[PDB]
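Report on one structure; see the data block that follows.
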Amino acid sequence: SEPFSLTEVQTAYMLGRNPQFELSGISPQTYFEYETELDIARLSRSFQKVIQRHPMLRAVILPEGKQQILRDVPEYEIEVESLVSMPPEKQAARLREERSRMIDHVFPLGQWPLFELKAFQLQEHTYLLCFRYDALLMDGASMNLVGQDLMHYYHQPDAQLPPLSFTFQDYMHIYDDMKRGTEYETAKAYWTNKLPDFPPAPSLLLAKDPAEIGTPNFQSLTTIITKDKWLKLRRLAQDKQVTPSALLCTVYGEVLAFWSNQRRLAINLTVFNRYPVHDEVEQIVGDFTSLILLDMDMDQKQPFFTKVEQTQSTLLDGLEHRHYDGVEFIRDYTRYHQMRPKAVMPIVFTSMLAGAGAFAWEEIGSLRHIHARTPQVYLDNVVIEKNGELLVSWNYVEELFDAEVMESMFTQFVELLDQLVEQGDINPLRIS
């Protein structure tokens, strides 16, 4: 229960709370809603055992820039707010400003918890379950672990899960030792090797100067790629000897190059791959976020899938030097390029592809909404494998983009996926 170090991503997150930087003054957070018919009381007791299982669900972030696992925490119960006597319009209004208030909520430093799991009773046996968590607490992969244990203790309250011997505190000790290794300097050397000729982020058409925004508010555009379409895209990705992540990232780059009138651009890629430092590392709750800056050359005479192969090659070379994290390389880019307090690489692709794996929270019910906020980010393209479907969620700073332009870019991204599903290739990019 000693305070221990933050990851370099966690540190960037904590410094993004300071409003003196542009597009800052908020903590990174994820929010979603599920319409469920499960027993909320059983869910609440199950969630309590998840909290005791995972120490990072009982941790706080301290102002001094460290984290600490608390000795004991108060019992957590899912608060139930009943709306069953309210007409549907009054229900919708209450949920709306409850949603907006949960998304604008900020978890105070040093206090517990960094999450909220609240239920709204719409009918006697129908609830709207809302879950939100600070990204200082856990990454998206860890969030799936929480849902997995949640459903396990829900169905089998007495079947106790195998004890964990590895903690995130142990991992952080290894993490701090990995910053000072020969592997670290080889990864560093690779990134300064690519630093003089590294392209800038896609220069999109912004509605105003980001310096004049103040605190950003995010909007989400979300769609579901059906099981049939996602299956065809996975089969086409394997036929062209490319990963689905490189494929979706290259489609992203095509839309970004078109709307930015650029040829070479840098995408901020967010992944959750964990270093294999212990047999149980894929079992613990924590932050394992890795940022890699993707050098991409879109405007080419090459066929689309030739560019996908280049994105694949670039991506794997990035992963073999991830020990030098993207926050450090980003700052290398700022100081080396004379670039002030601005947000440097604010176009983000967040891949939560599970490799035909289950999304545990989908067992709760039907997903109704998802929202994601991050400091110093203009646009975040989040793709989540959702039990055979692909959920695509674009989160952008509302004050920074015309809503119709954003909807147009989003629609063209989705339509290029449709093209690949039909013809196995894409057409010259034109307006939707």
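If you're wondering about the labels, chains in the structure tokens are A, B, ... by order shown, residues count from 1 in each chain, ligands from 1 in order shown.
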Exercise for review: Enumerate, as an MDAnalysis selection string, the complete set of residues in range 190-310 of chain A that a backbone-based DSSP assignment places in strand (DSSP E).
Suggested key: chainID A and resid 218:225 264:271 290:297
Using C-alpha atoms, can you write the selected residues to a file as a compact mmCIF listing (two decimals), in the first residue's frame?
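Here's the written file out-v6.txt:
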```
# COMPACT_ATOMS: atom_id res chain seq x y z
CA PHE A 218 -16.59 15.85 -27.04
CA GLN A 219 -19.27 14.54 -29.39
CA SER A 220 -19.58 10.92 -30.50
CA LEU A 221 -20.67 9.45 -33.83
CA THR A 222 -21.25 5.72 -33.45
CA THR A 223 -22.22 2.95 -35.86
CA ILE A 224 -22.22 -0.86 -35.88
CA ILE A 225 -20.61 -2.91 -38.63
CA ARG A 264 2.10 12.01 -45.81
CA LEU A 265 0.52 12.22 -42.36
CA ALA A 266 1.08 10.97 -38.80
CA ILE A 267 -1.68 9.10 -36.93
CA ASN A 268 -1.48 8.70 -33.14
CA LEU A 269 -2.12 4.97 -32.64
CA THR A 270 -3.30 3.81 -29.21
CA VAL A 271 -2.83 0.12 -28.35
CA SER A 290 1.04 2.26 -25.52
CA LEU A 291 1.16 5.16 -27.98
CA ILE A 292 2.85 4.72 -31.36
CA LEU A 293 3.07 7.50 -33.96
CA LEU A 294 2.22 5.97 -37.33
CA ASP A 295 4.16 7.32 -40.31
CA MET A 296 1.78 6.90 -43.27
CA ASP A 297 2.14 7.81 -46.97
```
Could you build a table of the residues in range 277-392 of chain A lying no more than 8 Å from range 54-67 of chain A, giving for each the nearest pair of atoms and their separation in Å rounded to one decimal place, using only C-alpha atoms, ordered by chain and ascending residue number, as a Markdown table?
```
| residue | atom | partner | partner_atom | distance |
| --- | --- | --- | --- | --- |
| A:284 | CA | A:54 | CA | 7.0 |
| A:285 | CA | A:56 | CA | 6.1 |
| A:286 | CA | A:56 | CA | 6.2 |
```
Practice item. Go through A:332, A:363, A:309, A:72 one by one, measure the shortest atom-to-atom distance of each to residue 238 in chain A using only C-alpha atoms, and give the residue with the smallest value. Key: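 Residue with the minimum atom-to-atom distance to residue 238 in chain A: A:309.
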Review point. Neighbours of range 355-358 of chain A within 8 Å (only C-alpha atoms; same-chain residues fewer than 5 positions away dropped), as an MDAnalysis selection string?
Key: chainID A and resid 385:388
Output for the residues just chosen: N, CA, C and O atoms as a PDB file, in the first residue's frame:
```
ATOM      1  N   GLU A 385     -14.113  -4.396 -31.232  1.00  0.00           N
ATOM      2  CA  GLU A 385     -14.728  -5.654 -31.630  1.00  0.00           C
ATOM      3  C   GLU A 385     -15.768  -6.040 -30.587  1.00  0.00           C
ATOM      4  O   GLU A 385     -15.436  -6.248 -29.414  1.00  0.00           O
ATOM      5  N   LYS A 386     -17.025  -6.135 -31.011  1.00  0.00           N
ATOM      6  CA  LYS A 386     -18.161  -6.302 -30.106  1.00  0.00           C
ATOM      7  C   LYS A 386     -18.865  -7.604 -30.469  1.00  0.00           C
ATOM      8  O   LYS A 386     -19.905  -7.598 -31.133  1.00  0.00           O
ATOM      9  N   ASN A 387     -18.296  -8.718 -30.013  1.00  0.00           N
ATOM     10  CA  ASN A 387     -18.862 -10.055 -30.199  1.00  0.00           C
ATOM     11  C   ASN A 387     -19.223 -10.306 -31.663  1.00  0.00           C
ATOM     12  O   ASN A 387     -20.377 -10.546 -32.019  1.00  0.00           O
ATOM     13  N   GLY A 388     -18.203 -10.247 -32.519  1.00  0.00           N
ATOM     14  CA  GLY A 388     -18.378 -10.449 -33.938  1.00  0.00           C
ATOM     15  C   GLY A 388     -18.754  -9.213 -34.731  1.00  0.00           C
ATOM     16  O   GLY A 388     -18.550  -9.193 -35.949  1.00  0.00           O
TER      17      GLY A 388
END
```
Practice item. To one decimal in Å, tell me the separation between CA of residue 156 in chain A and CA of residue 34 in chain A. Key: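 Atom-to-atom, CA of residue 156 in chain A and CA of residue 34 in chain A are spaced 21.4 Å apart.
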Revision key, fill the gap. One decimal place gives the CA of residue 361 in chain A-CA of residue 9 in chain A separation as 25.1 Å
Check your understanding: Nearest to residue 148 in chain A among A:336, A:324, A:47, A:32, with distances taken over only C-alpha atoms: which residue is it?
Key -> A:47
Practice item. Could you check which of A:320, A:380, A:116, A:279 is closest to residue 31 in chain A, using only C-alpha atoms? Key: A:116
Review point. Neighbours of residue 378 in chain A within 12 Å (only C-alpha atoms; same-chain residues fewer than 3 positions away dropped), as a PyMOL selection string?
Key: chain A and resi 22-24+201-210+213+216-219+267-268+342-349+372-375+381+394-401+406
Exercise for review: Go through range 339-418 of chain A and collect every residue that DSSP, computed from the backbone, puts in helix (DSSP H, G or I); the answer should be as a ChimeraX atom specification.
Suggested key: /A:360-363,398-400,403-418
**Study point:** Non-local contacts of range 118-135 of chain A (7 Å; only C-alpha atoms; under 3 positions in same chain excluded) as JSON, numbers by chain
**Key:** {"A": [27, 28, 29, 30, 31, 32, 33, 34, 35, 36, 37, 78, 79, 80, 81, 82, 83, 84, 114, 115, 138, 139]}
Please, could you write that set of residues out with N, CA, C and O atoms as a compact mmCIF listing (two decimals), in the first residue's frame?
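Saved the output as result16.txt:
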```
# COMPACT_ATOMS: atom_id res chain seq x y z
N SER A 27 -9.78 15.27 -17.35
CA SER A 27 -9.16 13.96 -17.28
C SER A 27 -9.73 13.05 -18.36
O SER A 27 -10.89 13.19 -18.75
N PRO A 28 -8.94 12.12 -18.88
CA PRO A 28 -9.49 11.16 -19.85
C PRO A 28 -10.47 10.23 -19.17
O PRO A 28 -10.26 9.78 -18.04
N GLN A 29 -11.56 9.94 -19.87
CA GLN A 29 -12.68 9.21 -19.29
C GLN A 29 -13.40 8.46 -20.40
O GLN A 29 -13.38 8.88 -21.56
N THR A 30 -14.01 7.34 -20.04
CA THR A 30 -14.84 6.56 -20.95
C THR A 30 -16.19 6.32 -20.30
O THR A 30 -16.26 6.02 -19.10
N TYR A 31 -17.26 6.44 -21.09
CA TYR A 31 -18.62 6.32 -20.60
C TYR A 31 -19.43 5.48 -21.58
O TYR A 31 -19.31 5.66 -22.80
N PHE A 32 -20.25 4.57 -21.06
CA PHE A 32 -21.20 3.87 -21.92
C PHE A 32 -22.43 3.47 -21.14
O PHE A 32 -22.44 3.43 -19.90
N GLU A 33 -23.49 3.17 -21.88
CA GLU A 33 -24.79 2.81 -21.34
C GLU A 33 -25.24 1.47 -21.91
O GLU A 33 -25.10 1.22 -23.11
N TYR A 34 -25.79 0.62 -21.05
CA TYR A 34 -26.38 -0.65 -21.46
C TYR A 34 -27.80 -0.71 -20.93
O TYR A 34 -28.03 -0.44 -19.75
N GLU A 35 -28.75 -1.05 -21.80
CA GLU A 35 -30.11 -1.34 -21.36
C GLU A 35 -30.17 -2.81 -20.98
O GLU A 35 -29.95 -3.69 -21.83
N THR A 36 -30.47 -3.09 -19.72
CA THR A 36 -30.34 -4.43 -19.16
C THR A 36 -31.63 -4.83 -18.47
O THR A 36 -32.44 -3.99 -18.05
N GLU A 37 -31.82 -6.15 -18.36
CA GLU A 37 -32.91 -6.73 -17.57
C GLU A 37 -32.39 -7.63 -16.46
O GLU A 37 -33.14 -8.45 -15.92
N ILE A 78 -24.40 -0.28 -6.41
CA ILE A 78 -24.97 0.36 -7.59
C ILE A 78 -26.18 1.17 -7.13
O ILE A 78 -27.18 0.60 -6.69
N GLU A 79 -26.08 2.49 -7.22
CA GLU A 79 -27.23 3.33 -6.91
C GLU A 79 -28.32 3.10 -7.94
O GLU A 79 -28.05 3.07 -9.14
N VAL A 80 -29.55 2.92 -7.47
CA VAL A 80 -30.70 2.74 -8.34
C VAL A 80 -31.58 3.98 -8.24
O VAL A 80 -32.04 4.34 -7.14
N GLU A 81 -31.80 4.63 -9.37
CA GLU A 81 -32.72 5.75 -9.48
C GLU A 81 -33.92 5.28 -10.27
O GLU A 81 -33.80 4.94 -11.45
N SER A 82 -35.08 5.24 -9.62
CA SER A 82 -36.29 4.73 -10.25
C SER A 82 -36.98 5.84 -11.03
O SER A 82 -37.12 6.96 -10.54
N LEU A 83 -37.39 5.51 -12.26
CA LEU A 83 -38.13 6.43 -13.12
C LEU A 83 -39.44 5.82 -13.61
O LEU A 83 -40.00 6.29 -14.60
N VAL A 84 -39.94 4.78 -12.93
CA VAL A 84 -40.95 3.92 -13.53
C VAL A 84 -42.29 4.63 -13.67
O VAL A 84 -43.09 4.29 -14.55
N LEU A 114 -12.66 6.03 -8.67
CA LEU A 114 -12.52 6.64 -9.98
C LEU A 114 -13.48 6.03 -10.99
O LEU A 114 -13.15 5.91 -12.17
N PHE A 115 -14.67 5.65 -10.54
CA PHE A 115 -15.69 5.11 -11.42
C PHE A 115 -17.06 5.36 -10.81
O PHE A 115 -17.19 5.73 -9.64
N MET A 138 -7.73 2.63 -15.34
CA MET A 138 -7.56 1.41 -16.10
C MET A 138 -7.69 1.72 -17.59
O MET A 138 -8.33 2.71 -17.97
N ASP A 139 -7.09 0.88 -18.42
CA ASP A 139 -7.26 1.00 -19.85
C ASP A 139 -8.48 0.20 -20.31
O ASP A 139 -9.18 -0.43 -19.51
```
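Straight-line separation from CA of residue 253 in chain A to CA of residue 428 in chain A: 13.6 Å.
Taking only C-alpha atoms into account, residue 418 in chain A lies nearest to A:230 out of the set A:263, A:230, A:289, A:430.
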Check your understanding: Which one of A:231, A:141, A:106, A:161 sits closest to residue 25 in chain A if you count only C-alpha atoms?
Key ->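 Among the listed residues, the smallest separation from residue 25 in chain A belongs to A:106.
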Check your understanding: For residue 1 in chain A, which residue out of A:39, A:169, A:19, A:145 is the nearest one, using only C-alpha atoms?
Key ->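 Going through A:39, A:169, A:19, A:145 one by one, the smallest distance to residue 1 in chain A is for A:169.
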Practice item. Tell me, as a list in words, which residues lie within 9 Å of residue 247 in chain A, counting only C-alpha atoms; anything in the same chain fewer than 2 positions away does not count. Key: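 Contacts, with the query itself left out: residues 233, 237, 242, 243, 244, 245, 249, 250, 251, 252, 305, 308, 309, 311 and 312 of chain A.
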Practice item. Might you pull out every residue within 8 Å of residue 49 in chain A, with only C-alpha atoms counted and same-chain residues fewer than 4 positions away left off, and present them as number ranges by chain? Key: A: 45, 53, 153
Can you spit out the residues from that selection as a PDB file, in the first residue's frame, using C-alpha atoms?
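Everything below was put into selection-v5.pdb:
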```
ATOM      1  CA  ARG A  45     -22.822  -7.700  -4.943  1.00  0.00           C
ATOM      2  CA  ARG A  53     -10.273  -8.959  -6.487  1.00  0.00           C
ATOM      3  CA  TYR A 153     -19.611 -13.582  -9.990  1.00  0.00           C
TER       4      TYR A 153
END
```
